[PDB]
Amino acid sequence: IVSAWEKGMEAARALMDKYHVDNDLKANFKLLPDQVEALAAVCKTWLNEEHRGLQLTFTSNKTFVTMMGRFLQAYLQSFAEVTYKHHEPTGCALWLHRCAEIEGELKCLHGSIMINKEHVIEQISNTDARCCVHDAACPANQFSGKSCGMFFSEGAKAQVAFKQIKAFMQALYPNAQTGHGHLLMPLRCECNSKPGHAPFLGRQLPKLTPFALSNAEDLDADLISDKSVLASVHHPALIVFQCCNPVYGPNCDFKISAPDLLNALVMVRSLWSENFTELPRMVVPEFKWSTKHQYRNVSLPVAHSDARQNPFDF
Ligand SMILES: [Zn+2]
Ligand SMILES: [Zn+2]
């Protein structure tokens, strides 16, 4: 019997040799949990070679390849039976969201229904915003110390994006026994990709934001038979994952839409099948609410101005 580490290393080198990954990346690879670049280079090479015309939608090329890298990593670890405790390789979870089950109703990461709020932007009036229940007494889009950090300026549009992912999954897995109600989502962007990253404030998992597919109705549904595609036609908004705390502490350019995230997983399974004859078991952890994902709030009073020189009359 051989150590799991050596068995992993062999498989990974076979891949890196076959896909002509850079020599330094090859030399330095040690199957360690933060070593994802060489595996992403495998995937990008396979894409360049087999899928040059792949169309991404609200996903950056870098983020798509990085996620394939993590999934490839997870399959290699599973194949070899190597696990590093506290380094789950995908950086993702399956959230049983229940956001497309009841008309007009969204649930947050807590699994509780989201409360309706009016949200005024600048002047735009969003009277259909939704907040985490633990934020129900906060201004719209401000987060309490008990928040999960989820907020939708537009609840109807959010529900369209959840219907879209659920339909996309039903089209890819029309005979699924299980999983059509789960969302594959990232738990880590670049900012918390390492378990000992410096603590940061604000949201503790990648933000989830629905984006409209705005030309998608100028489309003739009758011409399209791809059920995947029809998911977007019927529900023209995508869930898009970005940095834990995107800029409009740390921030990064992580950006991937839910269908492209599932396709990153699916395309790794294809790549794997072209190199190995069985696909190992690989479990993306089911999401469970816990305090580690709680928003890290800091509430600082800010003095309003007063024309007076002195605080008080005496
Ligand atoms: Zn919540
Ligand atoms: Zn980030």
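Listed as the method for this PDB entry is X-ray crystallography; the listed resolution is 1.95 Å.

Readers searching the PDB will find this entry under the title "2.1 resolution structure of the C-terminal domain of the human adenovirus 5 ssDNA binding protein". What UniProt states about the chain under its Subunit (unreviewed entry) heading is, verbatim, "Homomultimerizes on viral ssDNA bound to pTP. Forms a initiation complex with viral polymerase, pTP and hosts NFIA and POU2F1/OCT1. Interacts with host SRCAP." Taken verbatim from the UniProt record of the chain, the Subcellular location (unreviewed entry) comment is "Host nucleus".

### A closer look at the coordination of the zinc ion (ligand 2)
Donor atoms from the polypeptide that coordinate the zinc ion (ligand 2) comprise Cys189 (SG), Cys191 (SG), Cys243 (SG) and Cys252 (SG), at 2.3 to 2.4 Å from the metal. Note that the zinc ion (ligand 2) binds four donor atoms; their angles at the metal cover 102 to 116 degrees, and the shape is tetrahedral. Neither residue differs from the other here; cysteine 191 and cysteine 252 are each classed as buried.

### Overview of the sheet that holds strand β2 (residues 115-121)
Spatially, β2-β3-β4 is the arrangement adopted by the three strands of the open sheet, whose pairing is antiparallel. The open sheet has two edge strands with one neighbour each: β2 and β4 (151-152). Two elements, β2 and strand β3 (residues 124-131), share six bridges in a ladder whose sense is antiparallel. Note on β3: the bridge partner recorded for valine 120 is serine 125.

### Details of the coordination of the zinc ion (ligand 1)
For the zinc ion (ligand 1), every protein donor is listed as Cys108 (SG), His110 (ND1), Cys132 (SG) and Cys148 (SG), and the spread of their distances is 2.1 to 2.3 Å. What the four donor atoms of the zinc ion (ligand 1) show is an angle range of 98 to 116 degrees at the metal, which sorts the shape as tetrahedral. Of this pair, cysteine 132 sits in the loop between β3 and β4 while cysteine 148 sits in the loop between β3 and β4, placing them 16 residues apart in sequence. The residues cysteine 132 and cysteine 148 share a single accessibility class, namely buried.

### Observations concerning the UniProt feature "binding site: Zn(2+) 1" (unreviewed entry) in the chain
As recorded in UniProt, the feature "binding site: Zn(2+) 1" (unreviewed entry) lies at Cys108, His110, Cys132 and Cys148. Among the structural elements, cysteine 108 can be located in the loop between β1 (92-96) and β2. In this structure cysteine 108 touches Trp95, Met114, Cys132, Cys148 and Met150, once residues within four positions along its chain are discounted. When sequence neighbours within four positions are dropped, the list of residues in contact with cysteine 132 reads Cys108, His110, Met114, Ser147, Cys148 and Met150.

### A closer look at the environment of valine 266
When you line up the elements, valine 266 lands in helix α7 (residues 258-273). When its relative accessible area of 19% is taken as the criterion, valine 266 is described as buried. When the C-alpha atoms of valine 266 and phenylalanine 276 are compared, they prove to be 15 Å apart, with ten residues separating the residues in sequence. In this structure, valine 266 is in contact with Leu172 and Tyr173, ignoring residues within four places of it in sequence.

### Side note on the domain arrangement of the chain
One can read the domain layout of the chain as domain 1 (1-90 + 259-285) and domain 2 (91-258). A separation of 26 Å is found between the C-alpha centroids of domain 1 and domain 2. Taken together, the contact pairs 26 residues of domain 1 with 31 residues of domain 2. Taken together, the two surfaces of domain 1 and domain 2 that pack against each other cover about 2,300 Å², and 64% of this comes from carbon and sulfur. A per-residue breakdown of the area domain 1 buries against domain 2 is headed by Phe58, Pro259 and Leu261, which together make up 33% of the total. Linking domain 1 with domain 2 are three salt bridges, by the criterion used here. One salt bridge in this structure joins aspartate 253 and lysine 62, with 2.9 Å as the shortest N-O distance. Mapped onto the side of domain 1 that touches domain 2, the elements with two or more residues apiece are α4 (61-80) and α7. Examining the composition of the side of domain 1 that touches domain 2, we find that eight residues originate from one element, α7, more than from any other. Residues of the side of domain 1 that touches domain 2, tallied by class, amount to twelve nonpolar, eight polar and six charged.

### Overview of the UniProt feature "binding site: Zn(2+) 2" (unreviewed entry) in the chain
Within the UniProt annotation, "binding site: Zn(2+) 2" (unreviewed entry) is assigned to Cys189, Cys191, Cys243 and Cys252. On the secondary structure map, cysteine 191 appears in the loop between β5 (182-186) and β6 (208-212). If near-sequence neighbours (up to four positions away) are discounted, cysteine 191 is found in contact with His197, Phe200, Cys243, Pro250, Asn251 and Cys252. Turning to its location among the elements, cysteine 252 is positioned in the loop between β7 (237-242) and β8 (255-257). A relative accessible area of 13% places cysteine 252 in the buried class. Residue contacts for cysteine 252: discarding those within four places in its chain leaves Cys189, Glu190, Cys191 and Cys243.

### Remarks on the pattern of salt bridges
Under the counting rule described, the total for this entry stands at ten salt bridges. Across the salt bridge formed by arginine 188 and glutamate 88, the nearest N and O atoms sit 3.8 Å from each other. Overall, the relative accessible area of 25% leaves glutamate 88 in the partly exposed class. A single salt-bridge network, built from bridges that share partners, covers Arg13, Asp17 and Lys26.

The rules behind the values
Residues numbered from 1 in each chain as written, not as in the entry; some residues may be left out. Chains lettered and ligands numbered in written order. Heavy atoms only, no water. UniProt positions renumbered as here; feature names shortened; annotations may be inferred. Donors = N, O, S within 2.8 Å, 3.2 Å for Na, K, Ca; no water. Tetrahedral: all angles 85-135°; square planar, octahedral: opposite > 155°, others 65-115°. Buried < 20%, exposed > 50% of the residue type's maximum accessible area, 1.4 Å probe, protein only. Pairing = 2+ DSSP bridges. Helix = DSSP H or I, 4+ residues; strand = E, 2+ residues; numbered from the N terminus. Contact = heavy atoms within 4.5 Å. Domains from an automatic or database assignment. Buried area = accessible area lost by both parts, 1.4 Å probe. Salt bridge = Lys/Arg side-chain N within 4 Å of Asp/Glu carboxyl O. Nonpolar A, V, L, I, M, F, W, Y, C, P; charged D, E, K, R; others polar.

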